[PDB]
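So this block is entry36.pdb, PDB, C-alpha atoms (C1' of nucleotides):
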```
ATOM      1  CA  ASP A 367      58.664  29.968  18.126  1.00  0.00           C
ATOM      2  CA  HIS A 368      60.848  32.039  20.475  1.00  0.00           C
ATOM      3  CA  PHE A 369      59.391  35.157  18.848  1.00  0.00           C
ATOM      4  CA  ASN A 370      56.554  36.839  20.710  1.00  0.00           C
ATOM      5  CA  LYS A 371      53.811  36.492  18.097  1.00  0.00           C
ATOM      6  CA  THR A 372      51.357  38.518  20.196  1.00  0.00           C
ATOM      7  CA  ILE A 373      53.133  41.741  19.174  1.00  0.00           C
ATOM      8  CA  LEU A 374      53.227  40.899  15.463  1.00  0.00           C
ATOM      9  CA  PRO A 375      50.728  42.554  13.117  1.00  0.00           C
ATOM     10  CA  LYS A 376      47.583  40.493  12.668  1.00  0.00           C
ATOM     11  CA  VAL A 377      48.613  39.878   9.055  1.00  0.00           C
ATOM     12  CA  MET A 378      51.881  38.406  10.402  1.00  0.00           C
ATOM     13  CA  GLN A 379      50.049  36.349  13.066  1.00  0.00           C
ATOM     14  CA  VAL A 380      49.637  33.416  10.690  1.00  0.00           C
ATOM     15  CA  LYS A 381      51.449  30.166   9.907  1.00  0.00           C
ATOM     16  CA  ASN A 382      53.953  29.918   7.041  1.00  0.00           C
ATOM     17  CA  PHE A 383      53.654  33.616   6.219  1.00  0.00           C
ATOM     18  CA  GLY A 384      54.826  34.081   2.638  1.00  0.00           C
ATOM     19  CA  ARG A 385      54.582  30.415   1.616  1.00  0.00           C
ATOM     20  CA  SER A 386      52.225  28.869  -0.924  1.00  0.00           C
ATOM     21  CA  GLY A 387      51.072  26.100   1.419  1.00  0.00           C
ATOM     22  CA  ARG A 388      48.519  28.028   3.470  1.00  0.00           C
ATOM     23  CA  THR A 389      44.921  27.487   4.531  1.00  0.00           C
ATOM     24  CA  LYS A 390      42.049  29.522   5.949  1.00  0.00           C
ATOM     25  CA  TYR A 391      42.043  27.680   9.294  1.00  0.00           C
ATOM     26  CA  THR A 392      43.512  30.046  11.841  1.00  0.00           C
ATOM     27  CA  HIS A 393      44.204  28.421  15.179  1.00  0.00           C
ATOM     28  CA  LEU A 394      41.480  27.076  17.488  1.00  0.00           C
ATOM     29  CA  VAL A 395      39.512  29.675  19.418  1.00  0.00           C
ATOM     30  CA  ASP A 396      38.118  31.558  16.457  1.00  0.00           C
ATOM     31  CA  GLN A 397      37.059  28.244  14.946  1.00  0.00           C
ATOM     32  CA  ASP A 398      35.003  27.878  18.143  1.00  0.00           C
ATOM     33  CA  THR A 399      31.476  29.247  17.755  1.00  0.00           C
ATOM     34  CA  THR A 400      30.413  28.751  21.377  1.00  0.00           C
ATOM     35  CA  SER A 401      29.255  31.755  23.375  1.00  0.00           C
ATOM     36  CA  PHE A 402      29.579  32.269  27.130  1.00  0.00           C
ATOM     37  CA  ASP A 403      26.100  33.594  27.937  1.00  0.00           C
ATOM     38  CA  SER A 404      23.650  31.483  25.880  1.00  0.00           C
ATOM     39  CA  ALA A 405      21.963  28.177  26.795  1.00  0.00           C
TER
ATOM     40  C1'   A B   1     -18.177 -25.902   9.882  1.00  0.00           C
ATOM     41  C1'   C B   2     -16.284 -28.106   4.699  1.00  0.00           C
ATOM     42  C1'   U B   3     -14.328 -28.309  -1.429  1.00  0.00           C
ATOM     43  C1'   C B   4     -10.718 -26.065  -5.296  1.00  0.00           C
ATOM     44  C1'   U B   5      -6.295 -23.630  -5.080  1.00  0.00           C
ATOM     45  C1'   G B   6      -0.075 -24.536  -2.935  1.00  0.00           C
ATOM     46  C1'   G B   7       5.685 -22.817  -0.918  1.00  0.00           C
ATOM     47  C1'   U B   8      10.921 -21.533   1.136  1.00  0.00           C
ATOM     48  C1'   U B   9      16.357 -20.845   0.630  1.00  0.00           C
ATOM     49  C1'   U B  10      20.452 -19.728  -2.466  1.00  0.00           C
ATOM     50  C1'   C B  11      23.503 -18.456  -7.010  1.00  0.00           C
ATOM     51  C1'   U B  12      23.848 -16.020 -11.617  1.00  0.00           C
ATOM     52  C1'   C B  13      22.040 -12.952 -15.529  1.00  0.00           C
ATOM     53  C1'   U B  14      18.864  -8.937 -18.096  1.00  0.00           C
ATOM     54  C1'   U B  15      16.428  -4.609 -17.211  1.00  0.00           C
ATOM     55  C1'   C B  16      13.666  -0.285 -14.402  1.00  0.00           C
ATOM     56  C1'   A B  17      15.065   2.664 -10.426  1.00  0.00           C
ATOM     57  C1'   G B  18      11.117   7.685  -8.382  1.00  0.00           C
ATOM     58  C1'   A B  19      12.289   6.429  -3.015  1.00  0.00           C
ATOM     59  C1'   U B  20      16.180   9.399   3.532  1.00  0.00           C
ATOM     60  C1'   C B  21      17.828   3.503  -3.599  1.00  0.00           C
ATOM     61  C1'   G B  22      21.788   4.933   1.594  1.00  0.00           C
ATOM     62  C1'   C B  23      17.719   6.799   9.070  1.00  0.00           C
ATOM     63  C1'   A B  24      25.067   6.239   5.884  1.00  0.00           C
ATOM     64  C1'   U B  25      28.641   8.915   3.383  1.00  0.00           C
ATOM     65  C1'   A B  26      33.613   8.938  -0.086  1.00  0.00           C
ATOM     66  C1'   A B  27      36.579  10.550  -4.317  1.00  0.00           C
ATOM     67  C1'   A B  28      37.490  12.640  -9.182  1.00  0.00           C
ATOM     68  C1'   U B  29      36.340  16.117 -13.411  1.00  0.00           C
ATOM     69  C1'   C B  30      34.390  20.762 -15.253  1.00  0.00           C
ATOM     70  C1'   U B  31      32.404  26.051 -14.545  1.00  0.00           C
ATOM     71  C1'   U B  32      32.144  30.076 -11.138  1.00  0.00           C
ATOM     72  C1'   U B  33      34.001  32.386  -6.893  1.00  0.00           C
ATOM     73  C1'   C B  34      37.599  31.872  -2.091  1.00  0.00           C
ATOM     74  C1'   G B  35      42.887  31.609   0.772  1.00  0.00           C
ATOM     75  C1'   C B  36      47.808  31.206  -0.199  1.00  0.00           C
ATOM     76  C1'   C B  37      51.131  31.638  -3.970  1.00  0.00           C
ATOM     77  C1'   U B  38      57.335  30.822  -5.873  1.00  0.00           C
ATOM     78  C1'   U B  39      56.899  26.278 -10.796  1.00  0.00           C
ATOM     79  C1'   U B  40      53.972  21.907 -11.473  1.00  0.00           C
ATOM     80  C1'   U B  41      51.406  18.729  -8.760  1.00  0.00           C
ATOM     81  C1'   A B  42      49.550  18.147  -3.855  1.00  0.00           C
ATOM     82  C1'   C B  43      46.186  22.005  -1.802  1.00  0.00           C
ATOM     83  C1'   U B  44      42.318  25.947   1.271  1.00  0.00           C
ATOM     84  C1'   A B  45      36.372  26.115   1.125  1.00  0.00           C
ATOM     85  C1'   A B  46      31.510  27.510  -0.866  1.00  0.00           C
ATOM     86  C1'   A B  47      27.762  27.013  -5.119  1.00  0.00           C
ATOM     87  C1'   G B  48      26.186  24.482  -9.598  1.00  0.00           C
ATOM     88  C1'   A B  49      26.669  20.304 -13.079  1.00  0.00           C
ATOM     89  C1'   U B  50      28.709  15.822 -14.224  1.00  0.00           C
ATOM     90  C1'   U B  51      30.778  11.303 -13.448  1.00  0.00           C
ATOM     91  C1'   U B  52      33.424   7.235 -10.586  1.00  0.00           C
ATOM     92  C1'   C B  53      33.337   4.018  -6.282  1.00  0.00           C
ATOM     93  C1'   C B  54      31.281   1.276  -1.669  1.00  0.00           C
ATOM     94  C1'   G B  55      26.399  -0.124  -1.371  1.00  0.00           C
ATOM     95  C1'   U B  56      20.312  -0.793  -2.326  1.00  0.00           C
ATOM     96  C1'   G B  57      15.232  -1.611  -3.929  1.00  0.00           C
ATOM     97  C1'   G B  58      11.395  -3.563  -7.943  1.00  0.00           C
ATOM     98  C1'   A B  59      10.336  -6.833 -11.979  1.00  0.00           C
ATOM     99  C1'   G B  60      11.553 -10.796 -15.336  1.00  0.00           C
ATOM    100  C1'   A B  61      14.547 -15.196 -16.704  1.00  0.00           C
ATOM    101  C1'   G B  62      17.683 -19.590 -15.861  1.00  0.00           C
ATOM    102  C1'   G B  63      19.696 -22.969 -12.365  1.00  0.00           C
ATOM    103  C1'   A B  64      21.094 -25.637  -7.539  1.00  0.00           C
ATOM    104  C1'   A B  65      18.969 -26.600  -3.046  1.00  0.00           C
ATOM    105  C1'   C B  66      13.596 -30.072   2.691  1.00  0.00           C
ATOM    106  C1'   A B  67      10.398 -29.913  -1.890  1.00  0.00           C
ATOM    107  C1'   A B  68       6.589 -32.114  -1.709  1.00  0.00           C
ATOM    108  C1'   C B  69       3.472 -29.920   1.644  1.00  0.00           C
ATOM    109  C1'   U B  70       1.052 -26.753   5.006  1.00  0.00           C
ATOM    110  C1'   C B  71      -0.829 -22.133   5.015  1.00  0.00           C
ATOM    111  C1'   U B  72      -3.402 -18.057   2.473  1.00  0.00           C
ATOM    112  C1'   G B  73      -7.320 -16.621  -0.997  1.00  0.00           C
ATOM    113  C1'   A B  74     -12.142 -17.889  -3.293  1.00  0.00           C
ATOM    114  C1'   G B  75     -16.564 -20.436  -2.394  1.00  0.00           C
ATOM    115  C1'   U B  76     -21.865 -19.336   1.365  1.00  0.00           C
ATOM    116  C1'   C B  77     -18.618 -20.291   5.269  1.00  0.00           C
ATOM    117  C1'   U B  78     -23.378 -28.774   6.021  1.00  0.00           C
ATOM    118  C1'   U B  79     -26.834 -30.013  11.819  1.00  0.00           C
ATOM    119  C1'   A B  80     -31.080 -32.724  15.609  1.00  0.00           C
ATOM    120  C1'   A B  81     -31.145 -30.559  22.256  1.00  0.00           C
ATOM    121  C1'   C B  82     -34.644 -25.799  24.684  1.00  0.00           C
ATOM    122  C1'   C B  83     -38.511 -22.360  21.286  1.00  0.00           C
ATOM    123  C1'   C B  84     -44.728 -23.370  16.480  1.00  0.00           C
ATOM    124  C1'   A B  85     -44.442 -18.298  17.137  1.00  0.00           C
ATOM    125  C1'   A B  86     -50.548 -13.019  18.423  1.00  0.00           C
ATOM    126  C1'   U B  87     -47.211  -5.061  13.360  1.00  0.00           C
ATOM    127  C1'   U B  88     -44.227  -5.817   7.295  1.00  0.00           C
ATOM    128  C1'   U B  89     -43.390 -12.179   4.393  1.00  0.00           C
ATOM    129  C1'   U B  90     -43.417 -18.174   2.906  1.00  0.00           C
ATOM    130  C1'   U B  91     -49.183 -22.359   9.433  1.00  0.00           C
ATOM    131  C1'   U B  92     -51.983 -16.728  11.423  1.00  0.00           C
ATOM    132  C1'   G B  93     -59.182 -16.292  13.178  1.00  0.00           C
ATOM    133  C1'   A B  94     -59.064 -10.554   7.610  1.00  0.00           C
ATOM    134  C1'   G B  95     -62.812 -14.689   5.655  1.00  0.00           C
ATOM    135  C1'   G B  96     -67.500 -14.311   2.237  1.00  0.00           C
ATOM    136  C1'   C B  97     -72.350 -12.167   0.645  1.00  0.00           C
ATOM    137  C1'   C B  98     -75.670  -8.503  -1.086  1.00  0.00           C
ATOM    138  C1'   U B  99     -77.529  -3.244  -1.431  1.00  0.00           C
ATOM    139  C1'   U B 100     -76.324   1.537  -3.474  1.00  0.00           C
ATOM    140  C1'   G B 101     -73.846   4.381  -7.094  1.00  0.00           C
ATOM    141  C1'   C B 102     -70.430   4.383 -11.374  1.00  0.00           C
ATOM    142  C1'   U B 103     -69.088   1.563 -15.419  1.00  0.00           C
ATOM    143  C1'   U B 104     -70.988  -1.369 -22.334  1.00  0.00           C
ATOM    144  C1'   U B 105     -71.258  -6.859 -19.497  1.00  0.00           C
ATOM    145  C1'   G B 106     -67.026  -7.401 -17.122  1.00  0.00           C
ATOM    146  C1'   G B 107     -65.045  -4.638 -13.336  1.00  0.00           C
ATOM    147  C1'   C B 108     -64.619  -0.246  -9.259  1.00  0.00           C
ATOM    148  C1'   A B 109     -65.922   2.153  -4.726  1.00  0.00           C
ATOM    149  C1'   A B 110     -69.048   3.312   0.588  1.00  0.00           C
ATOM    150  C1'   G B 111     -72.572   0.660   3.787  1.00  0.00           C
ATOM    151  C1'   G B 112     -74.887  -3.568   6.358  1.00  0.00           C
ATOM    152  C1'   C B 113     -74.753  -8.977   8.023  1.00  0.00           C
ATOM    153  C1'   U B 114     -70.863 -10.658  11.128  1.00  0.00           C
ATOM    154  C1'   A B 115     -70.412 -17.311  14.629  1.00  0.00           C
TER
END
```

Turn this file's structure into structure tokens for me.
Amino acid sequence: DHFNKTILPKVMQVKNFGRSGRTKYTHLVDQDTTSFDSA
RNA sequence: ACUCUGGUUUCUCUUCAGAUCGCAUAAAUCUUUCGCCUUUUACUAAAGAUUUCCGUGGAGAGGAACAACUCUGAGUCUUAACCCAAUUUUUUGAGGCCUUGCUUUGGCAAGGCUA
């Protein structure tokens, strides 16, 4: 966690990189489908 | 304004289930794909098909229990005060006769008499 993960490659910006226990869920704000101009 | 009809609850079982069985929502298995991946599970998430589970409705049967009683249905679903009535029914003067012509007599049609 002390590593700056904002400079990692976007393939390294995951959880448990290299482990078999991984999922498609990424973090939070790309699971969010809300826009900021609609409604 | 009347005669004949006649319940409700609850338990269990056997079947049929289209229906939002379900105005709710789980899991497993299989076949495709999907993300990891280091070995099995345990997994990621989409489709299809199966099941399983928590439930449900309809019908039938057998019990226990307010069962002894209405209600519902069917049936024409009963009558005298005040009206005897002046265009299609059962109290409405519309009633008859002959002549003429036709017709085998019978019978049919127009006319007159009309209190």

* To do: Fewer than 3 positions away in the same chain doesn't count, so skip those; otherwise give me all residues within 12 Å of residue 390 in chain A, counting only C-alpha atoms (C1' of nucleotides), as an MDAnalysis selection string.
  => (chainID A and resid 380:382 387 393:394 396:397) or (chainID B and resid 34:36 43:45)

Counting only C-alpha atoms (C1' of nucleotides), collect the residues of chain A whose closest atom lies at most 6 Å from chain B, and write them out as an mmCIF file with C-alpha atoms, in the coordinates of the input.
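Below is the file that was written, selection.cif:
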```cif
data_model
loop_
_atom_site.group_PDB
_atom_site.id
_atom_site.type_symbol
_atom_site.label_atom_id
_atom_site.label_comp_id
_atom_site.auth_asym_id
_atom_site.auth_seq_id
_atom_site.Cartn_x
_atom_site.Cartn_y
_atom_site.Cartn_z
ATOM 1 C CA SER A 386 52.225 28.869 -0.924
ATOM 2 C CA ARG A 388 48.519 28.028 3.470
ATOM 3 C CA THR A 389 44.921 27.487 4.531
ATOM 4 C CA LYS A 390 42.049 29.522 5.949
#
```

* To do: Pull out every residue that the PyMOL selection byres ((chain B and resi 66) around 12) matches in the shown coordinates and put them as number ranges by chain.
  => B: 7-9, 65, 67-69

* To do: For the file shown, report as a PyMOL selection string the outcome of the PyMOL selection byres ((chain B and resi 77-85) around 8) at residue level.
  => chain B and resi 1-2+75-76

* Taking the file as shown, what set of residues would the PyMOL selection byres ((chain B and resi 50) around 12) give back, as a VMD selection string? -> chain B and resid 28 to 31 48 to 49 51 to 52

* Asked: How many Å separate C1' of residue 54 in chain B from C1' of residue 25 in chain B?
  -> 9.5 Å

* Could you check which of B:47, B:107, B:72, B:114 is closest to residue 95 in chain B, using all atoms listed in the file? =>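 Of the candidates, the smallest distance to residue 95 in chain B is held by B:114.
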
* Selection near residue 59 in chain B, 12 Å with all atoms listed in the file, sequence-local residues under 6 positions removed, as a list in words -> residues 14, 15, 16 and 17 of chain B

Mind working out the centre and edge lengths of an axis-aligned box for range 392-405 of chain A, all listed atoms inside, 3 Å added to each side, rounded to one decimal in Å and written as JSON?
```
{"center_x": 33.1, "center_y": 30.3, "center_z": 19.9, "size_x": 28.2, "size_y": 12.5, "size_z": 22.1}
```

* Which distance in Å separates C1' of residue 57 in chain B and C1' of residue 11 in chain B, to one decimal? -> 19.0 Å

* Work out how far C1' of residue 109 in chain B is from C1' of residue 94 in chain B, in Å to one decimal. =>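 Calculated distance between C1' of residue 94 in chain B and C1' of residue 109 in chain B is 19.0 Å.
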